[PDB]
Amino acid sequence: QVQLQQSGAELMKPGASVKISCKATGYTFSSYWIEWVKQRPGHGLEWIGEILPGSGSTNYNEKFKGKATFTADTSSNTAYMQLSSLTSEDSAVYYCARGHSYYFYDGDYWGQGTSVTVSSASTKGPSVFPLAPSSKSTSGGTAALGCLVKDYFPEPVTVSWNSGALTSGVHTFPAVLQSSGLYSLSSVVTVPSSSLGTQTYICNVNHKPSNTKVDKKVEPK
Amino acid sequence: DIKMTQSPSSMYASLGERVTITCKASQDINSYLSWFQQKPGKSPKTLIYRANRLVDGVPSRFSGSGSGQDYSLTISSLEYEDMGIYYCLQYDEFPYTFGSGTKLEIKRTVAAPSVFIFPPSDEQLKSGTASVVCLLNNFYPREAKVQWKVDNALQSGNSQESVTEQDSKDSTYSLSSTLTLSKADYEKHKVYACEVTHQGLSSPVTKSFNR
Ligand SMILES: O=C(O)CCCNC(=O)c1ccc([C@H]2CC[C@H](c3ccccc3)C[C@@H]2O)cc1
């Protein structure tokens, strides 16, 4: 019965403000505090502050004072958090959670989280380059090959090998955000040497935000 | 304001072990402490509140204890599904503050990586850029060191690494390091090499190529 539904992912320009929402249901909105938390990868969880809908209103962590402003609408049972003057430091997943109530408390209900990315980058399909194996011999050696999916924005990209028939020995790494402001990822796979001449390995790349679809054959050479 | 010092920052454990995670508050917090668990790609989940009260629905293998400034979370017999990150949070004084987290992973035997190096493709070179990739495949534990050398010159700051999560089948990790150079410079040199350091290698390994 108790559920917190948060608003969708947001992609914002640096300097802008964004308002994220938390719609609560299955309980009396006014007597429970709503907590806000930030998670940037590599910075664990951070408490931003909390707000009590209708009453005693707010408590902010001195650090986010000025960056975050909480409000809550009682008729629609929705709590809001506004982040202003956004910077890359604000790119993170933001969660709302239901805390304590005057009369009852027995843990928390957490929202599903809202991803906010702050970048001045423009939408862009990646270039897919081959990572060619070097081996071609000895009755079944072991070679690695792959694809470099370079310079796309925004996330994410999806990668499969031979339309999905090869999944064994496949590692598609986490994307990395480059200085250029674009992302890059590699997908690699190790196969038996013996096949390098016989078998074909194509990596299938899809970047929906730019409607880019690429099938890249990767051959020894 | 209240500093929460959580230990250890990471640990490798095996199924069946008792795992204990410690949180120490800079001042007495009167048991207003919760413990959260966060698994990859999911929101955090409250396990314990008020230091030792089990949230309804959480398995009893989890328990919390302590008072004053010293607290702990114990998982009596670790199960695979407990891998992930754990945090403590004091809510005795404003601003409420989280500990920095304990990453709990599965323990296995040491495995050196197999290393591969990949020269930039002719396709990318036309484009004017050059990416040189080094792959460390199937190793354990996670700590590893990758040093790029272009002729004899140590590269600093122009490479980025990415690591996979422990493999579900074999508990190892894999890692990629990408060294980026302009087409100008790539041509300007001869010997590209990545030197890899890792516990399973009794000595650093180097894979390189001549442009
Ligand atoms: O007025 C007072 O000092 C409190 C009187 C009685 N209070 C309580 O029992 C009580 C007070 C506070 C809390 C906290 C527990 C953590 C919870 C939370 C959960 C997830 C993320 C952030 C914050 C917020 C909640 O708000 C839980 C119980």
Side-chain angles (χ1 to χ4, degrees), chain A residues 1-12 16-27 29 32-51 53 60-61 63-64 67-73 76-84 86-99 107-119 154-156 158 174-175 177 183 208-209, chain B residues 34-47 49 55 57-58 81 83-89 91 95-103 165:
Chain A
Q1 153 218 260
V2 191
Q3 64 177 286
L4 279 73
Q5 15 175 304
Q6 288 185 241
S7 36
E10 302 279 12
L11 162 52
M12 244 56 53
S17 304
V18 63
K19 182 177 185 195
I20 189 256
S21 70
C22 181
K23 167 42 146 42
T25 61
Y27 78 85
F29 199 45
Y32 293 82
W33 290 85
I34 293 301
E35 311 294 309
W36 296 90
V37 171
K38 167 188 336 308
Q39 176 211 84
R40 254 139 51 70
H43 225 203
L45 298 185
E46 274 198 283
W47 188 74
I48 300 167
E50 54 171 359
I51 176 182
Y60 295 89
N61 165 348
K63 169 186 165 161
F64 288 84
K67 170 62 73 327
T69 306
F70 312 136
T71 65
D73 173 355
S76 77
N77 299 1
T78 283
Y80 296 97
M81 180 178 59
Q82 162 162 36
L83 302 173
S84 73
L86 299 166
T87 71
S88 60
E89 198 149 299
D90 306 300
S91 289
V93 177
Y94 290 91
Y95 303 90
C96 58
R98 193 187 78 166
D108 324 276
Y109 281 79
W110 279 84
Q112 90 269 11
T114 290
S115 176
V116 169
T117 301
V118 177
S119 166
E155 297 187 274
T158 65
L177 180 50
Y183 295 87
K208 305 186 197 89
Chain B
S34 283
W35 286 101
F36 306 91
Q37 173 189 62
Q38 183 168 42
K39 292 169 179 169
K42 305 200 262 169
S43 357
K45 186 144 175 168
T46 315
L47 302 175
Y49 61 105
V55 161
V58 173
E81 64 195 23
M83 18 162 227
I85 304 168
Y86 291 87
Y87 297 90
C88 55
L89 170 76
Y91 49 91
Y96 305 163
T97 53
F98 286 94
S100 50
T102 293
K103 186 158 202 311
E165 36 52 85

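In what follows, every chain begins at residue 1, and chains take the letters A, B, ... in the order their sequences are listed. Computed over heavy atoms, backbone and side chain alike; hydrogens, waters and symmetry mates excluded.
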*Between atom CD of A:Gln39 and atom CD1 of B:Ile85, what is the distance when rounded to the nearest 0.5 Å?*
7.5 Å

*Is there a side-chain contact between A:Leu83 and A:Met12 (heavy atoms, below 4.5 Å)?*
no

*Drop me the distance from A:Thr87's OG1 to A:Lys67's NZ, to the nearest 0.5 angstrom.*
6.5 Å

*Measure the spacing between CG of A:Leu45 and SG of B:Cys88 and express it to the nearest 0.5 Å.*
10.5 Å

*Quick one: CH2 on B:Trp35 to OG1 on B:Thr46, what's the gap to the nearest 0.5 Å?*
13.5 Å

*A:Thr71 vs A:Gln82 side-chain heavy atoms within contact, under 4.5 Å*: no

*Are any of the side-chain heavy atoms of A:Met81 and A:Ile48 separated by less than 4.5 Å?*
yes

_Close side-chain approach of A:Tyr109 and A:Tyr27, heavy atoms under 4.5 Å_ = no

_A:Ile20 versus A:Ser7, closest heavy-atom pair with distance_ = CG1-OG, 3.0 Å

*asked:* Taking the side chain as everything from C-beta on, heavy atoms only, tell me whether B:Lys45 gets closer than 4.5 Å to B:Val55.
replied: no

*Residues in ring pair (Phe, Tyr, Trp, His ring centres under 6.0 Å) contact with A:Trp47, at least two apart in sequence or another chain*: B:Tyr96

_Before we go on, tell me: are the rings of B:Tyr91 and B:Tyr49 under 6.0 Å apart, centre to centre?_
no

_Set out, in order, the CA-CA distance, both residues' side-chain angles and the distance that settles side-chain hydrogen bond (donor to acceptor under 3.5 Å, both in side chains) for A:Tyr94 and A:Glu10, then state yes or no._
CA-CA 11 Å; A:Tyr94 290 91; A:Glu10 302 279 12; over 6 Å; no

_Pairing residues for B:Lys103 by the side chain to side chain donor-acceptor pair (under 3.5 Å) criterion, not counting sequence neighbours_ = B:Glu105

*asked:* Taking salt bridge (charged side-chain N to carboxylate O under 4.0 Å, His left out) as the cut-off, I'd like each qualifying pair that reaches into residues 109-119 of chain A, sequence neighbours left out, listed once.
replied: none

*In this structure, which one of B:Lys39, B:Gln38, B:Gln37 forms a side-chain contact (heavy atoms from CB on, under 4.5 Å) with B:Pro44?*
B:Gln38

*Just do the side-chain contact (heavy atoms from CB on, under 4.5 Å) check on A:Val2 and A:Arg98 with the steps written out, would you?*
CA-CA 9 Å; A:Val2 191; A:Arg98 193 187 78 166; 3.8 Å; yes

*Take A:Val37 and A:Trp110 through the test side-chain contact (heavy atoms from CB on, under 4.5 Å) and record every step on the way to the result.*
CA-CA 10 Å; A:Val37 171; A:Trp110 279 84; 4.2 Å; yes

*A:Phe70 and ring-ring contact (aromatic ring centres under 6.0 Å, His included): which partner among A:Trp33, A:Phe64, A:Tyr60?*
A:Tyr60

*Would the number of heavy atoms belonging to other residues, nucleotides or ligands and lying under 6.0 Å from CD of A:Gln3 be above 12?*
yes

*A:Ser21 and A:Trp36: which non-hydrogen atoms are nearest, and at how many Å?*
C-CH2, 4.4 Å

_Pairwise side-chain contact, A:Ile34 with A:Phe29, heavy-atom cut-off 4.5 Å (strictly under)_ = yes

*Can you spot which of A:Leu11, A:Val118, A:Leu86, A:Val116 makes a side-chain contact (heavy atoms from CB on, under 4.5 Å) with A:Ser91?*
A:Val118

*Side-chain donor or acceptor of B:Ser43 paired with backbone N/O of A:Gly113 under 3.5 Å*: no

*Taking atom CG of A:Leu4 and atom OH of A:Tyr32, what is their separation to the nearest 0.5 Å?*
12.0 Å

*Straight-line distance of A:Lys19 NZ to A:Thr114 OG1, nearest 0.5 Å*: 13.5 Å

_Any side-chain heavy-atom pair of A:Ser84 and A:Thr69 under 4.5 Å_ = no

